Structure formats: structure tokens, C-alpha cells
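[1] need a structure here:
(5 chains)
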Amino acid sequence: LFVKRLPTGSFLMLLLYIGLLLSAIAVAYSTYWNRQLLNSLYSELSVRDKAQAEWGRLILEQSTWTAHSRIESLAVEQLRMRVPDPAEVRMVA
Amino acid sequence: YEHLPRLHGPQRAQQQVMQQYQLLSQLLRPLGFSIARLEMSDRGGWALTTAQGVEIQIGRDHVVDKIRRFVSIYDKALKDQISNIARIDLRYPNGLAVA
Amino acid sequence: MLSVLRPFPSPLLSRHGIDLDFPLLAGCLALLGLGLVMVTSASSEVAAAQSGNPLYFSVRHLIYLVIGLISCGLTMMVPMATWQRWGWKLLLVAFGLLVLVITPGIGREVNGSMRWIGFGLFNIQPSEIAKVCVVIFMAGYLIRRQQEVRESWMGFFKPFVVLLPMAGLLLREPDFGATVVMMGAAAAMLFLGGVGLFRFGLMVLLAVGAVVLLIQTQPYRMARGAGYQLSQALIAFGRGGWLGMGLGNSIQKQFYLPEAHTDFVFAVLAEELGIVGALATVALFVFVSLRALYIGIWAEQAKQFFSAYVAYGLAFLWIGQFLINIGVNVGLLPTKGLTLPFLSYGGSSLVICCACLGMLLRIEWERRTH
Amino acid sequence: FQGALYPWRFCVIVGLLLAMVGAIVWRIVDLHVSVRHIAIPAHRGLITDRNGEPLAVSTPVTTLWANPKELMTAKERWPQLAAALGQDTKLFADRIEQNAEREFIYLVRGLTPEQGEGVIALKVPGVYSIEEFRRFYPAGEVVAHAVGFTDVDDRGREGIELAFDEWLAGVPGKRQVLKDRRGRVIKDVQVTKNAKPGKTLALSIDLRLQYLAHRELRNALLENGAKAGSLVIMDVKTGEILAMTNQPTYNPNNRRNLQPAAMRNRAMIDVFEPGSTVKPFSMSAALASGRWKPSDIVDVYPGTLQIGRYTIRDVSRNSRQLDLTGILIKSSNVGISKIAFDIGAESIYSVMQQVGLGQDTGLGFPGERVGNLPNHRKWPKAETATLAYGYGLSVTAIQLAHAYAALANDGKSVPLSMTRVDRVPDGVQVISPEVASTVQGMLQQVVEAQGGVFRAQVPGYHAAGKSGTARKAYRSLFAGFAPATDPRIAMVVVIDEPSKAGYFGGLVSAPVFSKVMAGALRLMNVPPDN
Amino acid sequence: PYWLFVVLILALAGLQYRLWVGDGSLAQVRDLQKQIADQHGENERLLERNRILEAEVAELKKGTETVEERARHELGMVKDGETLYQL
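    Numbering: from 1, shown residues only, chains lettered A, B, ... in the order given. Next up is the structure itself:
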């Protein structure tokens, strides 16, 4: 009876569709990668918060062992330290 | 073996104390003292002992500028009468203690 | 082996260039690309658990897509007279493949059915080759009816010499969805094939009775709290909204749908692309099915009746499969075990769907130029 | 549909297909149009002094986690858990019953990790435990008012922890988990937004200076038997606060039954009349505009002036005539009142406003109040006698210290700041440099001369300052700056009524000034100038 | 011809927008990689600082070197002989 014909921009439409497919696949994999990186960053931040909790515990433990009153008393009574007088200290420049 | 400066410090900081020794030697050669030993408590304090018997004590943190302040103080005020000096303390925000 | 192909003339290698049916090809290519995208998005997490490669199922589906396009080209080379004269051999090979599937020695076991063959890297599901061979044989029988004895009682049961054993053996391993799709294609083909209304009603009622009789004593293997998935899949449609949450940003696929890339692809699609995306996909499926029916109408106009009945059978295969799968994802029907024609991950399903698309384009070309 | 041999059958089939598709569409769009988000708490920022010493750390504590739906399945275990938890069985039962519908409630907050885990292990009626963060203040009582406490929710409630609540309390994150009807987390899957940890905050306080000031103020309060006290130390150049103490100070971590006065910041809510300590500003304004020579003689005799119902009386009236230096040395009031009479009080108000008296402080502390500096289009004799004199002008300790620091900075009013300032702000030149230098030398002389202020001399540093007393009951005030040729630290000392000491500033606050500022300058490495 | 060109162009532009910018883009992938690197560096610094503080506490439990260093640094005191040099 008759014959059909593909649209003139068949190759252009095929290239556009291939680009659309590649963009959609890239979007899906990018979203998956972003979620994986979010999980990894959560793990890193959990490690950081664990380290900071340990540091806070160590600071609390050091606080009883380090204070101005206790340090001064140990320096004077035990280490025989002395505060230099303004005339005694030789200052440079 | 004994002529070389002995290196002391924590087991896993043995590489770091070597670089610190290199830096201290580089910044201390013009002053005339020769490094004989360098010890590090894991706290981070740096102990320096020279061949002439005088010792330098450096605390943790700010070593890079504490040593420069030591250079300045020695080379413009303390460059004379080093014989009686046997103990040097740098553990001050800016000052220096001589003994 | 290539003597059966006819590269000259053909819808691609015609003297006038390439002259296939663009609307059907565009619809099916849109469906294929949407299926690849949805398979990637839904199967990222699913493939991450099994193998270290997140793109396991996506790369496999892309390979199956390339193989399907090649198969569509090969089929569009193949003339319809070869299908007409090969129908019996195709039926026999479908019988053989299905029986070999039933055998436990070569068939691989799944959670609730055994409807695949290993074949190493790539799996083969003869439950779809059986559907296509049934369609071709049924078209051949329909054209033979108009030439043999009128309303012969021996020819009344002739479809059930093949339709009933195939339905029973496809029910043998649990594949009720594929059996229902195949029977729907056969019954609707006959309804459109000129079978008398009383005769067609008798055929359909006896077929339903035979199937409900054969549904018993058919466990998964013989000799030679699951509602949470559907409940949380129904939530996907509601939470997707009129505009979806975008590709890859799906949520239910990460917890409640281990089959998000095989069976519940439509739920993931309607959640990621929204209700507008689900309606667009439904419209695409309806347009492709009605186009595959109008191709048969046109082949019927040109007095090429075998092509008309083959196109009816393929259109009804697609109609049954997509209707049942969507109505199950949306919750209307309980028949879990079915996959969408193009969007689902199924390997041999995609190759067979592309072969059916090639066959329909060949019908469209042949109804015009010889 | 006309081409088919049976158009009716094709029409029926297409209609049936469209009806099924319409049913699907209706169930999709006309009918349709678990997993829960749990926040990820953010680590609170660390507060540290200007050198690096921590002032507020986020130490961890183990907090018992309670899910009432699980306790209603192990009600028989309620007495056993209540025995270890230290509460009555009836109290536990009624609390759970009141929290029946809730998904998550707290049992205890600050239990130590080594025993909370033991409690949750010995008894297991579906109870959980989490290791949350709570604020600890290693400096403690010394910086209690500058670094305020946080509530049990770990958010700012007072002091710099609520002033800088946004800066310290980082943005919490969110994540998705599989929580069933009972509430147990089956799995953790995805974090939709990571928690942003808090940013470390560095203060301007010198913890050595703060320790020294707190110790000296505590000694002042104990030996002098005063009710309260305050002491603010500032760096004139950068305009920041180097120290702030209020001897009634509390303990910011052991807050069990603390009186308010113990938690009151007596440096920014406690307002007072500066009295004689504001005279240098008034006389500096007189010098700037009235062309009043510092060596000019003012007839202070007889030391008592009557202005209507208001009378001005001097502490000493033996001196018939006194110069400006004599006026400040003798703390004369009639002379400065007459000087203000001879000048414009509008300039007086402008000079007092531009240095920050009673207008506002850039600190923005929660527990903060501003002073009152009266303003009028016309200034009667009584109004200027109560305005140029600190006898109706109200200022805080921080405002007086900031004004004295600006006066010590050659008239450069540097904005107030508690955060460690790294570069010197330009500020504004409220006072001309020569007038500021003259006033600085005069405040040097007044504490150097043989007048009423001699105890304020810093040993080794030729300090400067002025002593004044309020009457609303006396309040002893002394503000000044120690280095003469190049001021580096300016500070104020405020203490309430001394029970067993004189209320004069030069007797009860000058020794405190000298004692704390000697060490303050020693640790600041400023060369001596005496 | 056909409107398919318009549809494909619009869809491609939208998907490239969602791929290169916004949430879930490659830009966010690079961000999160940078954040991972920065947080790992911070973690190494924190885990060294915690060890140093732990050793300091342990020496505090038995020694006087830390007390001497803190007295020299904060309090500004000095042992016998003095001769403090300042600048």
C-alpha cells in the first residue's frame, strides 16, 4: 500500500535519549554515592565524638589533679618555687 | 656510638623526635652548643642536653617559637657567662630561666 | 542458521531507508529506558548487599537491554511466514524447556518457585518463551479454524491439547501469574478471533474449572507475615506525592522491598517520580498495548490474519502482565509473583519483550509492503 | 475500530481494558493521594581562655533510656529496677503509667558509665542506656559567672553559654531507622543530614589573671568582712575583658540548692553610682571644651555649697583653695561641681555617653543590666550637680572598667568583647590624645602623691587610678590603669559594705588593687616604670 | 519533528541540573569527600591529643614534672637561683 518514514531528527532524537538515559543513571548513582558518603561521614563524626568524649573524661580526671591552689601549694611546699620580684627579674628589650 | 647524640622518647614518637632533633640542631648550630642528648616524655616535654653540660628544658607545644625566643635571649643578653649555667628552662609563655 | 532471516528487504534495510512504526518503537524505547533507570535506582541497595558492586543489577540489565535490542533487530529481520510454519516447533521447544525447568537437576531453586535455568552467567526463564509460543500457536490454530471443518468438536478441544497442559505445568512450579497472563492472552485472542460467544464462554468456563482443579497438588519440585511488603509498598504511592522525590531518593526500597527491582518496580517508580510519573507510565503502557492491538487490526484489514492474531496475542500478553503487576503493586490483586514487562529487571523477560516488540513492528511493516 | 471483522468485540475488549486501567488510576491517585527520623545530637563547642586552657568541656555521662511500652510488658520487674534506681516502687509505677502513651522517657541523667551499664545489665526489662554529653567546668568557681551553666537539656541558660548558645550548640543531624510499633530500632540505614559539631569558643579571660583576681577578691572579702565584691580586668588596646570575678560566686557544675546572690553576676547586673570615680571624665570634658588649665586654682572654701534643697559637702574642708590635682587628691566635690557649673553639661553628658556609661555594652550577656545616664535639653544646677558628680548617675562595674580602659587608651574607645580579639579594633577617639595624656598623668599623680590614695601603689609599677564611694549602704569603688607611659591593663574593683573595715576606697580597695594588679602585670610581662 | 525533542530537552536539562547541582549531585559528592578528609585529619589530631593528655594525667598520678611545668608556665614561678629572663 504505502511506506513509512522515520522522523528527520531520528539520530538527534536517539542521541538526546541516550544522553537522557546516561544523565538519569548518573543521577541515580550520584544519589547512592551521596548516601554512602553521608553514612561514612556519620561514622567519622561518631569517631570524632567518641574521641572528644574520651578527652572530656580525661580533662575531668585531670581537673582534680590540676588546679591553681593545688599547683601553687605543690610548687611552694614541695618544689620550693618562688615568685620573682620585679627588681630581681632581668628583662630583655 | 657514644659520640652520636642519643635519642630518647616514646616508642611511636621515635620518628617525630628525630625531626625535632634535626630542627633543633638547625636552629641551635649558630649558638655554639652541640647536642649530646634529647629526651621526650610522652607528655610532650622536650629535654635538651649539650656536650658542655648545660641542659635546656622545653615543655609541650610552642617549641618552634620558644626555641627562637631562647636564641634571641642568649645571643643578645645571655651570650656571656655560660660556664656557671647548668640548667635552662623555657617553660614560660615568653620568659626564660637561667641556673 | 541465518537462512531464516531476510535482511533484504526489512524495516531497517529497506530500499526506502528505515520504515518501521515510529510510535510503537518510541513508546517501547521510552519504557526500556525508564526500566533501565528504575532498575538502577531500585537495585542500588539490593545489589550492594549481595555483591560489593552497587551496579551489579544495573550492568546486568544494561547487558540484557543490548541483547534485547539485538534480538529485536533479528526478529524484525525474520518474516512472519517463518513464524507461521515454525509455530509447532516453537511449541515443542517451549514444552521441552518448561519440562527441563521442572527437573531439579538443572533448574535453580528460589524461595518459593523453580522457574529458571542456570546457564552460568545469564539466566533463562522459559515461562515467557512459553507464552510467546502459545500466542504463535494460537494464532496458527485460529487461522486453521477458518479453513478446516466448521465448528468441529474435535477442534473445540484442540487449544486445550496445548493450553491446558501448559497451564498445568506452569502451575506445577508456582507461577500462577504467568499462567493467568497466558490464559488471558489465549482467551482474549479467541474472543477477538471470531469464536462464537456461547462457544467462547464454554471454553473459558471449562478452562477456569480445569485450572482451579489443577491448582491442587502442585508443589515446587517433582520428578521429570508477608503482608508487610505490600503494606509498606502502598505507603510509597502516598508519600511520593503529585511530584516525586526524584531518582535514587527512594526510601521504602531501602527497608521493605528486597524485590524493589524485580516485582515492586512500579512502587519505587511511583514514589520517585510521583503520582504524575505513575500516571505517565500507565499511559505509556496503555498506549503501547493499544498500538499493538491496532497493529493487529491493520494486519486484519490487509487480510493477513496470522499477523493480526499474533499481534493480538502479544498485545494481550503485555496487557495482562502490566495490568496484573500494577494492580498488585497498587494492592488490587494478591498474585505476588509477577514482573512488569519492560521496567522490571528480569533478564529473559526483557529479551522476550524486545523480541515481541520486533515481531509487532514486523507485523506493522508486513501489513503495508507485502 | 472499523477495520476489524468484529468491531463490537474489539470495542468491548478495549472498553474492558480501559475500565481496568481506570480502576488502577482511581486506586493510584484518588485513593493514595514504619520508618521514623531520629535526631543526631551535636557535640557542644568547647569554651577556652585566650591561651588554651579549657573553661567548659563536654564530658560524657551515661543516661538510662526508657521505653514505656517495654516496661508495660515487664511490670513484674518494676520493683527490681526501682530498687537499683533509688526510687519508690509506687513512684516508678505512677510515672510509667503517666508516660504510658509516650515512646521515650528519661529515668536518670548523670549516672557514671561504670555503674549505669551495670544497672542496665543486672535488670533487663527492655531498658536501654545512652552515653550523652554534659557540661563540665574545670576552672569551676573562678569563672562561674563569665562562663554560665547549661540546663539538663544542654543548652545555654546563663552567661556566655547562652550568649553564645548558637555558636556553641552545633546543628543537630537527622537519620532514619527501622522503628516498629513497639519502638525498638531494628536497624540503622541512612543519615539524611549529619550532625554539625559545635565550634570551639576562645574567650578573652586570662585564666592565670582570673585565678589571681579571684584569690585576691576572696581574701578581700574574708579579711574585710564585706557582703559582696566585683573585679574586672581589661586590656586597653584590644578592649577585651581579661578577668571578671564576683566573690559570692557559685560552683557552676555542683548547682545543688544555690542561692541567687551566689549565681548573680555582680559585674553587669549590680548597678551603682560611680561617685568620685567618674570625676576624671567630667574634668577631662572640662579640659577639652572649657579651656580649664589643670594647674588652675578653684576656690573650694568653705567646702559646702547650698543649691536650693541640695547640698554638696566634701570629705575634707581644711584646704581653703585646691587645684584640679588637689581636687582629685582630696576627692573634693564642690570644686568639680563649680567647674561643671562653669562649663556646659551637655558636653559632660556627651563625653560620658561616648565612653559607654549606662548606654550599652557589646557583651550582650543574658544576665546583664544597663545603667541610667539622665539626658535633658536644659541642665539646671541641681541636675548637673547630680550628673557631673556620680550622685544620680548609675553604671555597672563592666561599664566603669570599659570607660577607664578607654581613658587609658589615649581616648580610643575600643568596643567591649568577651571573645579573644586577634586584631586591635579602631574604635572611636572620644577624648583628644593630649587631654587623655594629661588625665592619665594626673591619675598617676593622685595615687603617687601623699593624699588620700597611697595604698594603691603597685610594687614595681607606678600605677594610676581614682577611689570613689557610693551611698546606695556604702560601696567601695576603685578603677585605674597601672602602666604610666604606656598603659596595658585597666581595671575596676568594687566591693560592698565592709563590716570590719572603713568604707573609704583608698583604705579598703586600694590594697586589693595593688595586690592583684602587681601579679596581673607580672604575668603580662610589662616592664616596670617606677 | 515531534514534541519529543522538546520533552527530551526539558528532561535532559532537569536531570543534568539534579546531577551537577543541588542535593544528591556530584557537587555534594565532592563536598562530602572533602568533609571526610577534613574529619579524618581532625580525628588523627584528636586521637594524638587524647593520648598526650592521658600520659600527662598518668604522670600527674605519680610525678612532679607536670606540676613544675605548669608552675613555670602559668604561675611564672622559678626554682632556686632564679635569674629569670623576660622579654
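[2] what's the neighbour count on residue D:109?
    A count of nearby residues for residue D:109, using other CB atoms under 10 Å in any protein chain shown, gives 12. Heads up, the C-betas are built off the backbone N, CA and C, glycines and all.
[3] Residue D:243 contacts residue D:233, correct?
    Yes. Residue D:243 is within contact range of residue D:233, at 3.7 Å (criterion: CB atoms under 8 Å).
[4] all helices for the chain, in order.
    Using chain A here. Remark: helices assigned in chain A by DSSP state H are A:10-65, A:68-73.
[5] that's the wrong chain, I meant chain E
    So, for chain E - with DSSP H - the helices run E:4-20, E:26-60, E:65-70.
[6] Over to the stretch 1-150 of chain D?
    Secondary structure of the stretch 1-150 of chain D (DSSP state H, counting those that start in this stretch): helices located at D:7-32, D:68-71, D:78-85, D:89-98, D:113-122.
[7] what's the answer for chain B, then?
    B:14-28, B:63-73.
[8] Touching the shortest one from outside, list them.
    By CB atoms under 8 Å, 6 or more residues apart in numbering or on different chains, the residues outside helix B:63-73 that reach it are A:92, B:20, B:23-24, B:27-28, B:30-31, B:46, B:56, B:58-59, B:88, B:90, B:94, B:96, E:85, E:87.
[9] now the longest one
    The set of residues external to helix B:14-28 that reach it, using CB under 8 Å, 6+ apart, is B:5, B:7-9, B:35, B:38, B:40, B:46, B:48, B:63-64, B:67-68, B:71.
[10] now swap in stretch C:42-58 and tell me
    Under the criterion CB under 8 Å, 6+ apart, residues A:25, A:28-29, A:32, C:36, C:39-40, C:59, C:61, C:248, C:250, C:253-254, C:257-258, C:260-261, C:264-265, C:268, C:345 lie in contact with stretch C:42-58.
[11] List just the one of the helices of chain E that sits closest to residue D:292.
    helix E:65-70 (51.9 Å; CB to CB).
[12] among the helices of chain A, which is the most enclosed?
    Comparing these by mean neighbour count (mean count of other CB atoms under 10 Å in any protein chain shown), helix A:10-65 comes out on top with a mean of 19.
[13] Could you name the helices and strands sitting against that helix?
    helix C:22-50, strand D:54-66, strand D:128-136, strand D:185-193, helix E:4-20, helix E:26-60 (3 or more CB pairs under 8 Å, 6 or more residues apart in numbering or on different chains; DSSP states H and E).
[14] Now do the longest one and helix B:14-28, the angle between them.
    Helix E:26-60 and helix B:14-28 meet at an angle of 80 degrees, taking axes from the mean of the first three to the mean of the last three CA atoms, to 10 degrees as the criterion.
[15] ditto for the fifth one
    Interaxial angle, helix E:4-20 versus helix B:14-28 (the same axes, to 10 degrees): 70 degrees.
[16] What residues sit buried inside helix E:4-20?
    Neighbour counts over helix E:4-20 (16 or more other CB atoms under 10 Å in any protein chain shown) mark E:4, E:8, E:11-12, E:15-16, E:18-19 as buried.
[17] Distance of whichever residue of chain A sits closest to chain B relative to residue E:81?
    Residue nearest to chain B within chain A: residue A:92 (4.6 Å; CB to the nearest CB). From residue A:92 over to residue E:81 the distance is 18 Å, taken as CB to CB, to the nearest Å.
[18] List the residues that contact the residue nearest to residue A:58 when sequence neighbours are not counted.
    In space, and not counting its chain neighbours, residue A:58 is closest to residue E:53: 4.8 Å by CB to CB, 6 or more residues apart in numbering or on different chains. By CB under 8 Å, 6+ apart, residue E:53 lies in contact with A:55, A:58-59, A:62.
[19] out of those, who's nearest residue D:389?
    Residue D:389 lies nearest to residue A:59 out of these, by CB to CB, at 49.7 Å.
[20] Could you verify my assumption that that closest one touches residue D:138?
    Yes. The criterion here is CB under 8 Å, and residue A:59 meets it with residue D:138 at 6.0 Å.
[21] Quick check: phi and psi on the nearest residue to residue D:499 once chain neighbours are set aside?
    Spatial nearest neighbour of residue D:499, excluding adjacent residues (CB to CB, 6+ apart): residue D:225 at 3.8 Å. When read as degrees, to the nearest 10, the backbone of residue D:225 gives phi 60, psi 40.
[22] I figured residue D:225 hits residue D:502, correct?
    No. Residue D:225 lies out of contact with residue D:502 (CB under 8 Å); the separation is 11.6 Å.
[23] circling back to that earlier point, now tabulate the helices of chain A in a markdown table and tack on distance to residue D:89.
    Shown next, in a markdown table, are the helices of chain A (distance: least, CB to CB, whole Å):
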| stretch | distance to residue D:89 |
| --- | --- |
| helix A:10-65 | 34 |
| helix A:68-73 | 44 |
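[24] Give me the helices and strands touching the one helix or strand residue C:81 maps to, please.
    Assessed by DSSP states H and E, residue C:81 sits inside helix C:80-102. Identification of packing neighbours for helix C:80-102 by 3+ CB pairs under 8 Å, 6+ apart yields helix C:126-145, helix C:163-172, helix C:305-329, helix C:347-366.
[25] quick one, what contacts the residue most central in space within chain A?
    Closest residue to the average C-alpha location of chain A: residue A:45 at 6.4 Å, with CA atoms, centre = their mean. Neighbouring residues of residue A:45 by CB under 8 Å, 6+ apart: D:194-195, D:197, E:39.
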